[PDB]
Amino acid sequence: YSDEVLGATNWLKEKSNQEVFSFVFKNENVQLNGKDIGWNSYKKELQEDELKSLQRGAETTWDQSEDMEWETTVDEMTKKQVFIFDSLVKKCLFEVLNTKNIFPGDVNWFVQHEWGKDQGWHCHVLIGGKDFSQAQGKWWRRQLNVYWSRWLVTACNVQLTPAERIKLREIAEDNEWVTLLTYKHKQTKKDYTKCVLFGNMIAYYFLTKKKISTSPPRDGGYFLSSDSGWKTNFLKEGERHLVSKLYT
């Protein structure tokens, strides 16, 4: 019952019922003119001050949440790419917040990097607050996908022609590499944004995941999490499960 565990539990419980959007940031494998662009082909470290700061935050989050009782053999390249994606995902969120003139402190958000059995690396984002309403979900997804596609093409480490960069940019938009949770529906039928409950989804779902400690990553595992209160960031896997237990 450390202060960190109690503090995270209390913070989540206070936000148990806060409605938020659910996004997933992802990428898909692309081959352009024989050039393979895989999930981890975006390893340029861009020298923009804010991005650099965000990437340092991800590194330190990884370092502090590492359990050293047990060994960890995650590939260095994998860690590097996840740290870079953490900074890029957050840059996208903050750019859209700027568009809406939303003070970052008025926003609740939670980010968790995972490895899916089929899709591989992806990043869940929960985000909402007083300046957010359900009808704005589709606009948010579109805007996020604009910035996500833009940053991915900038961060890509594969030597690309201008025509190839534009093709990659349009692939990332057309194929919706940022998804928005909606209610289930028919293909022809309208889709409605499905808001989720912030604290409940974090305590009862995201914090129940198993930590990735190997390459290849365990199917369904998580790499790294963070939130707007820096509450879950540094928690080790065992501590995260303790938070879930206390939350109930």
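Numbering starts at 1 and runs along the sequence shown.
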Exercise for review: Between 226-234 and 10-18, name whichever shows the higher mean Cα B factor according to the PDB entry.
Suggested key: 10-18
Review point. Of the two stretches 193-201 and 213-221, which shows the higher Cα B-factor on average in the entry?
Key: 213-221
Check your understanding: Based on what the PDB entry reports, which of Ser133, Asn108, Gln81, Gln112 has the top C-alpha B-factor?
Key -> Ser133
Check your understanding: Which listed residue, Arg56, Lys26, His185, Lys43, has the largest C-alpha temperature factor in the record?
Key -> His185
Study note, to complete from the structure: Tertile call for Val74 (CA temperature factor, within chain, third-based) is the highest
Exercise for review: Would you mind checking where the Cα B-factor of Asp118 ranks among the modelled residues of its chain, as the lowest, middle or highest third?
Suggested key: highest
Study note, to complete from the structure: Quick tally, chain-level thirds of C-alpha B-factors: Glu176 sits in the middle
Check your understanding: Can you tell me which third, lowest, middle or highest, the CA B-factor of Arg150 falls into for its chain?
Key -> lowest
Point to revise | Third of the chain, ranked by Cα B-factor, where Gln159 sits | key: highest
